[PDB]
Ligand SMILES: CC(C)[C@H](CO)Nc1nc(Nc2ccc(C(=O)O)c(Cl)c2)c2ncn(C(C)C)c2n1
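Presented below, as structure tokens, is a lone chain in the form solved without purvalanol B (PVB).
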């Protein structure tokens, strides 16, 4: 294909396997084989087009897309290559990341998200595994925009489970709206995880996920979430929980850090801080 050789499996993304490869310039790339919704139904032309426009996303914290290779029921995406990801790093660490590093990862993640959100490009699947990191501690987000083009599939058991951990309450309760707020919730979860060394809400199912959330942040109500009642899977019979003190589940974060984090994990999507507002927070000036 396109003259690439030396493939080498290097992981398994949410849409297929990822390989490290080289072209005929010696230069390295990451090749993602897209395994999609209906594989036997071919790849619609609108999909090809939607993906190819993602080539305009050019920013220091977004994994660059170089080429879209479409061959007889075989879609391959050629991406910038990075040798490490945040999940792998969190896995080996005990107690999380040092504050200075957490901050730098947080800053760079926000910058990437902000650049995309300004162009109406959503992720809808942010998680540690999609945050790629190079030698120099630079962070690049992978997979922005693929959910819109490919749709979000129900992944292999072990993957769907990890995915729940970063899913906003409104989404778990049946919302299907287009929103930038979905990504900000994921950042909050990622933020908490860098400080604690473990996922903040590790549920095993949607329902379990929602309860783990409410058990820590409080159950929704008229004051904290007007119109939550409009969500399809909302239930007024939710066992009531009062919110826990931020300090109790955020290991000596820091004052400004807790505040910023509290703005990300607002249950009401409409009150959730944006990426660009987050970048203005005193946390990053300290």
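Residue numbers count along the first chain shown, from 1.
Comparing the deposited coordinates for 36 to 44 and 244 to 252, the stretch with the larger average C-alpha B-factor is 36 to 44. For the segment pair 62 to 70 and 27 to 35, the entry gives 27 to 35 the higher mean B-factor, averaged over Cα atoms.
Of the candidates 146, 86, 109, 154, the deposited coordinates give 154 the top C-alpha B factor.
The deposited CA B-factor of residue 138 belongs to the middle third of values across its chain. Ranked within its chain, residue 116 lands in the lowest third, by CA B factor from the PDB record. Ranked against the other modelled residues of its chain, the C-alpha B-factor of residue 160 as given in the entry falls in the highest third.
Annotation for residue 97: C-alpha temperature factor in the middle third relative to the rest of the modelled chain, per the entry.
Residue 177: CA B factor lies in the highest third for its chain, per the PDB record.
This protein has a second form, the form solved in complex with purvalanol B (PVB), left out of what is shown; the following refers to that one.
The three marked residues, 21, 69 and 76, fail to reach purvalanol B (PVB) in the entry with it bound, with no heavy atom of any inside 4.5 Å. The stretch in contact with purvalanol B (PVB) in the entry with it bound, judged by heavy atoms within 4.5 Å, is 84 to 92, chosen from 84 to 92, 207 to 215, 103 to 111, 174 to 182. In the entry with it bound, at least one heavy atom of residue 80 sits within 4.5 Å of purvalanol B (PVB). For residue 12, a non-hydrogen atom is located within 4.5 Å of purvalanol B (PVB) in the entry with it bound, even though that partner is not displayed. Taking the partner from elsewhere, residue 163 is found to have every heavy atom lying beyond 4.5 Å of purvalanol B (PVB) in the entry with it bound. Using a 4.5 Å cutoff between non-hydrogen atoms, residue 142 counts as a contact of purvalanol B (PVB) in the entry with it bound. Site annotation in the entry with it bound: the residue of 250, 51, 231, 30 reaching within 4.5 Å of purvalanol B (PVB) with a heavy atom is 30.
Of the candidates 195, 187, 132, 116, 132 is the one whose heavy atoms come within 4.5 Å of purvalanol B (PVB) in the entry with it bound; the others do not.
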